[PDB]
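# Observations on chain architecture
So you can see what is in the structure, the chains are spelled out below.
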Amino acid sequence: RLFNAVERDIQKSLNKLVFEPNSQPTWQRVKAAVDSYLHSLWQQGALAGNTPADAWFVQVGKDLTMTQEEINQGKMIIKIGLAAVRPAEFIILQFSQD
Amino acid sequence: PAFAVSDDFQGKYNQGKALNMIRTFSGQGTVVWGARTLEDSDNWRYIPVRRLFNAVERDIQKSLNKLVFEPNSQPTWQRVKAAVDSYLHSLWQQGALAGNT
Amino acid sequence: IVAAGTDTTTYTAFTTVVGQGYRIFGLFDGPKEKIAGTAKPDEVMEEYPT
Amino acid sequence: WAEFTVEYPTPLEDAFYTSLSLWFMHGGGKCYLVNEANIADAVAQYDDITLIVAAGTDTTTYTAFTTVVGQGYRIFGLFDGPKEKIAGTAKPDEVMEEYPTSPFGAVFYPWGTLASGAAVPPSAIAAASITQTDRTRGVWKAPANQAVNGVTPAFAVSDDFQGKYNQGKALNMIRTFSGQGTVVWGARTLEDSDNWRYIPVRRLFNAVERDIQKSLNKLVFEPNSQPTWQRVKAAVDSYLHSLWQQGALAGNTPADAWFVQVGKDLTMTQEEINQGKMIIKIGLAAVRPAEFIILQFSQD
Amino acid sequence: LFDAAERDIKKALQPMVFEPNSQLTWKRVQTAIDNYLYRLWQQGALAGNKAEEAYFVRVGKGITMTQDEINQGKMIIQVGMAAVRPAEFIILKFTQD
Amino acid sequence: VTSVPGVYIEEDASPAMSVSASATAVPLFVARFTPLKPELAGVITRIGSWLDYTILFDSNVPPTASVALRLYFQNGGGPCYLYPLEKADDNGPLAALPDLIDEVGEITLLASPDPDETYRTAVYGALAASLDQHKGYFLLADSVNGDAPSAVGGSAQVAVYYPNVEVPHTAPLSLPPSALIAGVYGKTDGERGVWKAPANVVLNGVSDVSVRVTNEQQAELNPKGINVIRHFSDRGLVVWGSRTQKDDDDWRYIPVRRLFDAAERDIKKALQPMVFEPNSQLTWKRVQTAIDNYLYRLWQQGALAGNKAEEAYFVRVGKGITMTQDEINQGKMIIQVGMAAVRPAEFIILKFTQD
Amino acid sequence: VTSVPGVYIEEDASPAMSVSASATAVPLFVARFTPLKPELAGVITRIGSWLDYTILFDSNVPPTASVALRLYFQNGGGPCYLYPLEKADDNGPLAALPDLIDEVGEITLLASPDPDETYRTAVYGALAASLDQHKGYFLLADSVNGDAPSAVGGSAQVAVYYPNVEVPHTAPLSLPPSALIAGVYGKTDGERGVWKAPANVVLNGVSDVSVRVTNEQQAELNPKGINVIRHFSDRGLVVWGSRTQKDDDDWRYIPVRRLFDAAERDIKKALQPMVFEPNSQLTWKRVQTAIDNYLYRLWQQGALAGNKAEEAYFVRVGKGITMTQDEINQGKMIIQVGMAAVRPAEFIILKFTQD
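- Listed as the method for this PDB entry is cryo-EM; the listed resolution is 3.8 Å.

Following this line, the structure appears as structure tokens:
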């Protein structure tokens, strides 16, 4: 349900950004708008990790993704990836003497 | 599935031709099992390696219909050669066809 | 080209459009019920176009 | 197949209806249909005939076949076998004198039965194996191991009944194996001479000249001089070199594979130049099927 | 975009249509076209990166021309842009890592 | 071939092939049984385990065929076939036996667990002709007394195991050991492979031999090569000796015979798809390579007794070598291939010295 | 695939996997019982404790199956199975036994608490074939007298405990110790793990052994490896010796056999979800890592006898190494993996010196 609800708000919002020019000021604006939502979600304890460059990543460009020929077909492809939290279903504890 | 087949009745129908039974396991259920075509030759088995060659040419043949009757010269030869491999390079990073370099 | 319970006249029309080279991939049905498994591994397999 | 159905709306049982339905179902193309009294006219007109098959006719067909061979039309027929069930007790030869001995044709015995409908004469089964062969890989390869579909043979012949009918003449049985099924088996013509056996080596020479004879019709009445001789010699070997890389005729150092020569005193001396004649000769060595594969073990 | 960029430069070259074909005319035309695409580049309409590669307007005599079409009085303006495409079919492709 | 301009599609077809190995196991048995259905009277039937044998057939009460067959599964697994026949001199189905074995492509071993001599020697002469056209059989046999049987006199493919083995049943009944010795060939090819002689393998579940053999008449029976079931104190019963019948230095050993018998059957099964292709030069280098990559994989797993050089194979298929022009016209190919197998190590000699 | 402009949603699917360990315990027993309901006649039944055994089954009065099973729970816990059958020679359900064990994925040990010899040796030969296709079984056995039983002659997975143990009941009745020795494998894997040989563990609740063994015939019985129940004065009865049957230096010890038997069953269960994936290079590095992170966790808890270097595993899955091109076409993968297990320390030798 974390991955199920982290995309139904991005897909709802980007409907007013289609047919926009696929240029350089667009790529630095979606990249700066998505991670400002994930940073609000990292402090709330939803997805775990220190150094919050390690918790998620967002990338959008010209040659890391979506090379020149599929730009001419209009496509604007991105990819983001993030590591969520998982329940502590099993709790084992070890005694020793030291 | 209406029947419970075996573990070994798959075995004697795996050579020659390609019965490709539908068998239910524990956990995952009623799954398909075995992807083999009718011949056993080392070029044409393995149904996904047939559909890969079957769908890698129906998009080139669909596109080159607007390039016939074009002059058979030097700037044509360096343009089709530079347009096909830019489609295969998009298909190599996706893990469709295997090989380094 | 799938077969929804037709075998006899379907196998001829399948190999027809292969003969002109239309680059298609059909898929067929099996035998009806209960290969006994006592014997005969091959005689259930000649009615299918190789 | 489109106009064949609107002409013949009902499915019939006759030998010709079961033959064309087996031709088109394995691909096929532009095919004719003539009565058995007008082969000698239809071949001399339409200028593209290659095969004369027999859809269940023997008596009056063998005369019209050897007629158009007598004028030298460079054609290759193929015949039917005997009807049913050689008992195999004896008599290997008396079933084979009713067939005209010539380097054109085969017989294709076992009479496949077409388990959907009625019987099929085996000339249609042999003609379907050539169609998916030349479209796939050349004409120099024999219609030999490419499988047909939807046809089962009525009999199960043997492993050794092939053996006593492999010499002298060329029964060329149709035998079903495990795995690959109902395949044809054996590509042999009627004589046993070391120049003319092996049906694909006949059709190679049969089709390597019907394109040269078709092209040189616009070069007759040309001046028989020196710039002509160096132009035909440079145009023929550029066609053979395209045919040597494709694996049709075998040999390294492709001066060894063929030869072309045309001149003034090696051929066609001065007096027969004054009569107008322009004679050439070319010779080439084709490939032959590996019908027998023997293998030897040792210890070294 | 190409339909409007042509109509503005074609309307202003019409006052200079019978001037001599010397070298000082060439550098004055090549500059007034250079200062038109640069203003249009820096307002987000030519899809080029932070380099200059959005225009290659050249009007020389060694390049883009030669001597014998000067005698049948001509000029050749090789110019070219790199326009921007609209962004449709936005694809997300979430991953686990 | 091309008239309308259009765009045409075309692929390269070739029968390019490789060779993969099957198993050397799963025999058939020609003893007498009691089938339950009339269609199981005279046809070869595949049996997968001991479970499905109890469904198709039965266990009767007086009767050694049901006892001798369950000892096959306790030693080594694998499926097996069986051919039930009732009368020893019924030469109808006995003549109709060898033309049923050929249609199933797998059959490797041959055996008969029936006790008496009049039934076994009627069988061994019925299919003795089907051993010398090199299709790949290897039968087993037992000896009624101290010398070999004469139904198959001298051949490269037999093996004789002399002393018969008994088994307790409700007085213990004797049993000719040709049944349970087929199962011990199914373990050696599992972990060790074909090229290991089965001797140190231990018989799994028996009381004792019928007659106790000692070392002083082992010396006589180990020539005129027949094998022997031995008894030891610490480890119990064990098979011993791995020598075949005829005793020239060509093939005196079971694995050297069975290594060439299995290497031929895998390459002959895969050359059958390419049997009518043209005899040009590009076919020759494609066959010579697919045979080269089969012996090299088998060399580097310790089965060809060659040193760290390449000298274990010399497969050549050329036209100047190994052929000439005039047998191309009567279409032929010649595959000169040869291996260097490994011999079992018996008679270990120490020869201590002072220096 | 994309026609309407819109916005499309898409995720990356991958079968990326890891391996987690199960337990090596909970056998089934094939002794005779008295079920209460007719559907409990011939089917495997899970028993959780001693409480639910008293609900489904009963305790009768003449009868050793109810006594031998409650001693299992007093030693070590864990659930267990049981398969009731009534007649020793009823080879119907005995043939129908091994095709019921495979459908339950867990079964590790095998035992039979029935007293007499005619019932046990009929069982031990019935499922002796199901030990050599490497699915992961390990049975236990008892000896009728001073030498090993011959129903399973030589195998890597047996264990024999010689002297039978008695127990007081209202004259004390004897009991073959294969029942209560299964429960002592359930304590050693609890705290110490699999890789510790159970010897110093103390039998929990018994009077005395049937025959008193001494050290001078311990010397004879510790070779031809069979184990022994000993009696000591200060600590009472104790099990002794942890050697398996066949005595090459490959596997002579119970834990070295049972360590490789449990490491295979956990990685084979998790590779089963990825069994039809393409054979490219990114699949190879994802499998080689998930095996690497399984032996490293098992190394740093003291079960692989390697030093402070890495040398305990060399798992490699490449294409240049360990494979080549022509077995890709007959789709295969090869996982060369290898460990270095730890041996138990017996025969401690002091050898004092002066300097």
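### A few points about the interface of chain F and chain G
- Opposite the 14 residues of chain F that make contact, chain G presents 14 residues.
- Carbon and sulfur atoms supply 42% of the area that chain F and chain G bury against each other, a total of about 1,100 Å² over both sides.
- Sorting the residues of chain F by area buried against chain G places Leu-51, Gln-74 and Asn-204 of chain F first, and these three jointly supply 36% of that buried surface.
- Where chain F touches chain G, the interface holds one salt bridge.
- As a salt-bridge pair, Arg-297 of chain F and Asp-326 of chain G come within 3.1 Å of each other at their nearest N and O atoms.
- Linking chain F with chain G are four residue pairs in polar contact, by the criterion used here.
- Elements supplying a minimum of two residues to the side of chain F that touches chain G: α1 (51-56), α2 (65-75) and α9 (281-299) of chain F.

### What about the sheet that holds strand β4 (residues 80-82) of chain G?
Residues and elements named next belong to chain G.
- Here five strands make up an open sheet; going across it, the order is β3-β4-β2-β5-β6 and the pairing mixed. Two strands close off the open sheet at either side, each with one partner strand: β3 (45-47) and β6 (138-139).
- Where strand β5 (residues 109-111) lies against β6, two bridges are found, and the strand directions are parallel. Its bridge partner lying in β6, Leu-110 is registered against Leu-139.

### Considerations on a negative patch on the surface
Residues and elements named next belong to chain C.
- Taken together, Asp-42, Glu-43, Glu-46 and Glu-47 make up a surface patch of like negative charges.
- Within the secondary structure, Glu-47 sits in the segment after α1 (10-19).
- Judged by its relative accessible area of 47%, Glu-47 is partly exposed.

### Observations regarding the interface of chain D and chain F
- Contact with chain D, which involves 28 residues of that partner, is made by 33 residues of chain F.
- With both chains or domains summed, chain D and chain F bury close to 3,000 Å², and 57% of this area falls on carbon and sulfur atoms.
- Summed over the three residues of chain D that lose the most area to chain F, namely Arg-288, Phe-297 and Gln-299 of chain D, the buried surface amounts to 19% of that side.
- Summed over the shared surface of chain D and chain F, the number is zero salt bridges.
- Mapped onto the side of chain D that touches chain F, the elements with two or more residues apiece are α5 (122-137) and β7 (292-299) of chain D.
- No other element matches the eight residues that β7 of chain D contributes to the side of chain D that touches chain F.
- Here the side of chain D that touches chain F is built from residues that sort into 14 nonpolar, seven polar and seven charged.

### Some remarks on the pairing of strand β10 (residues 228-232) of chain F
Residue and element names in this part refer to chain F.
- With five bridges connecting them, β10 and strand β11 (residues 236-240) associate as antiparallel partners. Bridge pairing in β11 links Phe-232 to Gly-236.
- With antiparallel pairing between neighbouring strands as the criterion, β10 and β11 make up a hairpin whose turn holds three residues.

### Points about the packing of helix α3 (residues 39-46) of chain D against helix α4 (residues 61-70) of chain D
Residue and element names in this part refer to chain D.
- Running from amino to carboxyl end, α3 crosses α4 at an angle of 35°, the nearest separation of the two axes being 9 Å. Both α3 and α4 take part in a crossing whose hand is right-handed. Here α3 contributes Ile-39, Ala-40 and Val-43 to the contact with α4, which in turn contributes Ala-64, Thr-67 and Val-68.
- Taken together, the residues of the contact of α3 with α4 break down into five nonpolar, one polar and no charged.

### Concerning helix α8 (residues 254-270) of chain F
- With 17 residues, α8 of chain F ought to run about 24 Å at 1.5 Å a step, and its terminal C-alpha atoms sit 26 Å apart, in line with that.
- In terms of burial, α8 of chain F is a largely internal element, 15 of the 17 residues being buried.

### A few points about the side chain of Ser-280 of chain F
- In this structure, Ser-280 of chain F sits in the loop between α8 and α9.
- Judged by relative accessible area, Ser-280 of chain F falls into the buried class, the value being 9%.
- When near neighbours in sequence (up to four residues on either side) are disregarded, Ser-280 of chain F contacts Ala-250 and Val-287 of chain D.

### Observations regarding unusual backbone geometry
Residues and elements named next belong to chain C.
- At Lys-34, a position not held by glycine, the phi torsion is positive, near 60°.
- On the secondary structure map, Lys-34 appears in the segment after α1.
- Residue classification places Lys-34 among the partly exposed positions, given a relative accessible area of 48%.

### Structural notes on the sheet that holds strand β1 (residues 28-29) of chain F
- With mixed pairing, the five strands of this open sheet are ordered in space as β2-β3-β1-β4-β5 (chain F). The strands lining the two open edges of the sheet, one partner per strand, are β2 (45-47) and β5 (138-139) of chain F.

### Some remarks on the packing of aromatic side chains
- Summed over the entire model, instances satisfying the criterion amount to 39 aromatic pairs over all chains.
- Ring geometry for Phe-33 of chain F against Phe-57 of chain F: centres 6.1 Å apart, planes inclined by 45°, an arrangement best described as tilted. Highlighted residues: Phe-33 of chain F in the loop between β1 and β2 and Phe-57 of chain F in the loop between α1 and α2, separated in sequence by 24 residues.
- An aromatic cluster is present here, built from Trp-1, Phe-4, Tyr-8, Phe-16, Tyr-17 and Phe-24 of chain D joined pairwise through their rings.
- Positioned above the aromatic ring of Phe-155 of chain D is the side chain of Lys-85 of chain D, whose terminal nitrogen or guanidinium carbon lies 4.0 Å from the ring centre.
- Over the aromatic face of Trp-251 of chain G sits the side chain of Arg-257 of chain G, whose NZ or CZ is 4.0 Å from the ring centroid.

### Here we look at the pattern of salt bridges
- According to the stated counting rule, one finds 25 salt bridges over all chains in the structure shown.
- Taking the shortest distance from any N to any O, the salt bridge between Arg-45 of chain B and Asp-42 of chain B comes out at 2.7 Å.
- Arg-45 of chain B gets classed as buried once you look at its relative accessible area, which sits at 9%.
- The salt bridge involving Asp-114 of chain F is made with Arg-32 of chain F; its shortest N-O contact spans 4.0 Å.
- A relative accessible area of 8% means that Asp-114 of chain F is categorised as buried.
- Judged by relative accessible area, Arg-32 of chain F falls into the partly exposed class, the value being 37%.

### Observations regarding the side chain of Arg-265 of chain F
Residue and element names in this part refer to chain F.
- By the secondary structure assignment, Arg-265 is in helix α8.
- Only 3.5 Å separates the side chain of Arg-265 from the backbone oxygen of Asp-261, close enough to count as a polar contact.
- Leaving out residues up to four positions away in the same chain, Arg-265 has contacts with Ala-23, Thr-24, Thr-108 and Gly-136.

### Brief notes about the environment of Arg-252 of chain F
Residues and elements named next belong to chain F.
- Topologically, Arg-252 is positioned in the loop between β11 and α8.
- Note: C-alpha distance between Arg-252 and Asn-204 (48 residues apart in sequence) is 27 Å.
- When near neighbours in sequence (up to four residues on either side) are disregarded, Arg-252 contacts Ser-242, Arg-243, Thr-244, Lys-246 and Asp-247.
- Here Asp-249 takes part through its side chain, which lies 2.9 Å from a polar atom of the side chain of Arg-252.

Quick notes on the rules
- Residues numbered from 1 in each chain as written, not as in the entry; some residues may be left out.
- Chains lettered and ligands numbered in written order.
- Part of a larger assembly, values for the part shown.
- Heavy atoms only, no water.
- Contact = heavy atoms within 4.5 Å.
- Buried area = accessible area lost by both parts, 1.4 Å probe.
- Salt bridge = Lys/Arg side-chain N within 4 Å of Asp/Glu carboxyl O.
- Polar contact = N/O pair within 3.5 Å; in protein donor to acceptor, adjacent residues only side chain to side chain.
- Helix = DSSP H or I, 4+ residues; strand = E, 2+ residues; numbered from the N terminus.
- Pairing = 2+ DSSP bridges.
- Patch = residues over 30% accessible without salt bridge, like charges linked within 9 Å, V, L, I, M, F, W, Y side chains within 5 Å.
- Areas by Shrake-Rupley, 256 points an atom, 1.4 Å probe, with all protein chains shown as cover.
- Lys, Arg positive; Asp, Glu negative; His and termini not counted.
- Charge placed at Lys NZ, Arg CZ, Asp CG, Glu CD.
- Buried < 20%, exposed > 50% of the residue type's maximum accessible area, 1.4 Å probe, protein only.
- Nonpolar A, V, L, I, M, F, W, Y, C, P; charged D, E, K, R; others polar.
- Axes fitted to C-alpha atoms, helices over the stretch in contact; angles between N-to-C directions.
- Left-handed = near helix turned anticlockwise from the far one by under 90°.
- Expected span 1.5 Å × (residues − 1).
- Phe/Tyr/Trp six-rings, centres within 6.5 Å; stacked < 30°, edge-to-face > 60°.
- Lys NZ or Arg CZ within 6 Å of the ring centre and 35° of its normal.

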